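In: would you be able to build a 3D model of this:
(2 chains, ligands or ions: 2)
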Number of protein chains: 2
Amino acid sequence: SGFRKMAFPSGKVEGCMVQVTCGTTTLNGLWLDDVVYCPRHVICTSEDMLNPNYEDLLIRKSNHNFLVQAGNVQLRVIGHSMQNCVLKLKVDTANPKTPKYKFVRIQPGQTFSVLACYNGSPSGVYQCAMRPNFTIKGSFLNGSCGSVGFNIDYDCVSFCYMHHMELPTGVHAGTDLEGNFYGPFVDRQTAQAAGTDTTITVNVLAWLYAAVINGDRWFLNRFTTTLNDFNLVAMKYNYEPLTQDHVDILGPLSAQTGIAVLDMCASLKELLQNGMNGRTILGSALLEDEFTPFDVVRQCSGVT
Amino acid sequence: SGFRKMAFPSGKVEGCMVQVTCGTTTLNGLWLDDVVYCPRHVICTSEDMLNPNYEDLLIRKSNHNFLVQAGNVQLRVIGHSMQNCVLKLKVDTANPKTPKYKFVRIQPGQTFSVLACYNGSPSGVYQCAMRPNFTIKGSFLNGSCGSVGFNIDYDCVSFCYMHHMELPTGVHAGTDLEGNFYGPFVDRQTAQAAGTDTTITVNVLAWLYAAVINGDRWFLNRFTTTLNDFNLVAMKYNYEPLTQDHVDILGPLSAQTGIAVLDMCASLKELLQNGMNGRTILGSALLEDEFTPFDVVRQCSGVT
Ligand SMILES: *CC(=O)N1CCN(Cc2cccc(Cl)c2)CC1
Ligand SMILES: *CC(=O)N1CCN(Cc2cccc(Cl)c2)CC1
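Out: Numbering: from 1, shown residues only, chains lettered A, B, ... in the order given. Ligands and ions are numbered 1, 2, ... in the order given. Pasting the structure now:
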């Protein structure tokens, strides 16, 4: 029993982190096979960051300008290319600690672990969600760029995020490992405002199911609702609309608890309308939306 | 910017986790040098757990009865002993992945990372505190026992916790790596009730400092207080008494923010007396007490 905000074990990713230095800029790279992936803004002076032309800036860079260090050993760079907003540095040595891996582009509401790194060195691991506005609420200081987000399925790391920037509002933007930003963000020091940070309804429901499983039941009520009725309340409270797809995804938690999804919707409806009245659920005073149905099942069933 | 509940990278500990099987009971062991450490209740049938005599039960166990598996390779057990509530199994092979390590017995209020494991296999990593009642609020299913809590100082893992049991209230009890329980708990299936779960005042203050540093300032007020006046309010709200030692420990955060510790105490006082009025601090609707002053400094300064 007990339910915690839980990250994947980070060892497989720790083995992939390197330092990338171009001139005076240092950040993190991800070493997989004989390629180091890093944000392309490694080639910029903060002077460059106001309106960088990356193709023009990259013309001035040779393989020997990219200093790649894995622990205290230098890697030999034998090629470099720009894909979207990442650099791919070809090195002469395959990473011997390369795990089975995939690159995946996640959807808003999907959770992942971040291994925060500075100078290629892991500092910590936490769990995030891709927000519906394609920001993430991270913990990232200067030097953290190139830190990655990932999921693990048994022995296969799916890399979904690389950190590129903080918005003036202190939220985070980054790319998949093909270098494509999540959302409308660009790697420039310009006015970039996030949209509405809506609550991931299907995740809140999953976490309400987790609460029931772990003994927190005070919020269960005598009511039910319909997808359309629930969605009217969701819209009013800046909750994402709930679809039959979300209902289907909640089926196994429905089944395990014997609480119909639409009954738990009616519980959530009363919580939105009435607040917590100073009570807590799984040690939270607000409705947690950074657990997926898959996450709740995993943690509640103990998958490794 | 951003402030997250952050665990240590788990790789160094992942390399130490093994499966220990005695008869039909499987749990986790910690392999350091040529010793595997595990809960002594590995030798029990759940029948035994009602009033086990561990010395008598252990007489019936030989080295060959302890099945130790690291990945899919069996370790040869060449000795076994009971220290307090842990077994130390001597194996014929030093763990090649043994990190620099220490065993430390932590104080209530101290935070650590847990690597939750099942069958010697890591499932996840989260951050905990030793509660003032010497429980921890974990996420532990059957098979998770022998999972460890740790801190990392650069390259040295300090092991502070091994998981032994859930109380009927769904909170967790365990030992240091010398096998001594935190608090008054015993490894028996008996009536064991936790004391008052008081709030770790010095940690809440640290986290208020973290909030200011990361831009959440609405709760800063025009007031100050004294240790004695604050402590009257702390007692009323089941907060731990604040000492000059706690004030001294908060000095660097005081200095960085230019907010006197006693001013932040007066902020905390008004939050206790007035509640959050539906507002949040670092994405929480309650006062977080599982960040130490050291944790706040670390995450805010980016130590690896
Ligand atoms: C994450 C990190 O290490 N850094 C923050 C970004 N900074 C350069 C930069 C400025 C503006 C926009 C972008 Cl995409 C990058 C480097 C340090
Ligand atoms: C943690 C774990 O894997 N398990 C929970 C404890 N259980 C045996 C037990 C019962 C009662 C008290 C104690 Cl200390 C242990 C084994 C499974």
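In: what parts of the stretch 151-300 of chain A come near chain B?
Out: Within reach of chain B by Cβ under 8 Å from any Cβ of the partner chain, the stretch 151-300 of chain A has these residues: A:166, A:170-172, A:214-215, A:275-276, A:278, A:280, A:283-286, A:298-300. From N, CA and C alone the C-beta is placed, and that goes for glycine too.
In: just the buried members of these?
Out: Among those, those scoring as buried are A:166, A:171, A:172, A:214, A:276, A:284, A:285, A:286, A:298, A:299, A:300 (criterion: 16 or more other Cβ atoms under 10 Å in any protein chain shown).
In: just checking, the fourth one touches residue A:208?
Out: No: Residue A:214 is beyond contact range of residue A:208, at 11.0 Å (criterion: Cβ atoms under 8 Å).
In: can you show me the helices along chain A?
Out: A:11-14, A:54-59, A:201-213, A:227-236, A:244-257, A:261-274, A:293-301 (DSSP state H).
In: same list, these, but as TSV with distance to residue B:221 please.
Out: Listed next are the helices of chain A as TSV, based on distance: least, Cβ to Cβ, whole Å:
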stretch	distance to residue B:221
helix A:11-14	42
helix A:54-59	47
helix A:201-213	32
helix A:227-236	32
helix A:244-257	42
helix A:261-274	29
helix A:293-301	38
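In: if I look at the closest residue to residue A:152 other than its chain neighbours, how far off is residue B:134?
Out: Spatial nearest neighbour of residue A:152, chain neighbours left out: residue A:8 (4.4 Å); criterion: Cβ to Cβ, 6 or more residues apart in numbering or on different chains. As judged by Cβ to Cβ, to the nearest Å, residue A:8 and residue B:134 stand 29 Å apart.
In: of the two, who's got more company?
Out: residue A:8 (24 against 17; other Cβ atoms under 10 Å in any protein chain shown).
In: just give me the neighbour total for residue A:22.
Out: Residue A:22: 22 neighbours (other Cβ under 10 Å).
In: my guess is it contacts residue A:39. True?
Out: No: taking contacts as Cβ under 8 Å, residue A:22 lies outside contact range of residue A:39: 10.5 Å.
In: pull out the buried residues from stretch A:104-122.
Out: Buried, per 16+ other Cβ under 10 Å, within stretch A:104-122: A:104, A:106, A:108-122.
In: okay, and which of those map to strands?
Out: The strands, defined by DSSP state E, take in A:111, A:112, A:113, A:114, A:115, A:116, A:117, A:118, A:121, A:122 from the buried residues of stretch A:104-122.
In: what's the closest non-adjacent residue to the fourth one?
Out: Read it as residue A:114. Counting by Cβ to Cβ, 6+ apart, the residue nearest residue A:114 is residue A:149, at 5.0 Å.
In: the one you found: what's it in contact with?
Out: A:112, A:113, A:114, A:128, A:136, A:159, A:160, A:161, A:162, A:163, A:174 (Cβ atoms under 8 Å, 6 or more residues apart in numbering or on different chains).
In: would you turn those residues into a markdown table with distance to residue B:192?
Out: Output for those, formatted as a markdown table (distance: Cβ to Cβ, whole Å):
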| residue | distance to residue B:192 |
| --- | --- |
| A:112 | 38 |
| A:113 | 34 |
| A:114 | 37 |
| A:128 | 36 |
| A:136 | 41 |
| A:159 | 44 |
| A:160 | 42 |
| A:161 | 43 |
| A:162 | 47 |
| A:163 | 44 |
| A:174 | 46 |
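In: put together CSV for those residues, with distance to ligand 1 on each row.
Out: Shown next, in CSV, are the contacts of residue A:149 (distance: Cβ to the nearest ligand atom, whole Å):
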residue, distance to ligand 1
A:112, 17
A:113, 18
A:114, 12
A:128, 15
A:136, 13
A:159, 17
A:160, 17
A:161, 13
A:162, 10
A:163, 6
A:174, 9
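In: looking at those, which is nearest ligand 2?
Out: residue A:113 (23.6 Å; Cβ to the nearest ligand atom).
In: what about that closest one, distance to residue A:12?
Out: Residue A:113 sits 11 Å away from residue A:12, going by Cβ to Cβ.
In: and the longest strand for chain A?
Out: Per DSSP E, chain A has its longest strand at strand A:156-166.
In: in its sheet, what does it sit against?
Out: strand A:100-103 (parallel), strand A:148-153 (antiparallel), strand A:172-175 (antiparallel) (DSSP bridges).
In: show me the one of these that comes nearest residue B:66.
Out: Smallest distance to residue B:66 across these (Cβ to Cβ): 29.5 Å, for strand A:148-153.
In: got the end-to-end distance for stretch A:45-57?
Out: 10 Å (Cα to Cα, to the nearest Å).
In: just how off-centre is it within its chain?
Out: 27 Å (Cα atoms, centre = their mean, to the nearest Å).
In: buried residues, that stretch. List them.
Out: Buried, per 16+ other Cβ under 10 Å, within stretch A:45-57: A:48, A:52, A:54, A:57.
In: just those residues that are near ligand 2?
Out: Near ligand 2, judged by Cβ under 6 Å from any ligand atom, there are no entries from the buried residues of stretch A:45-57.
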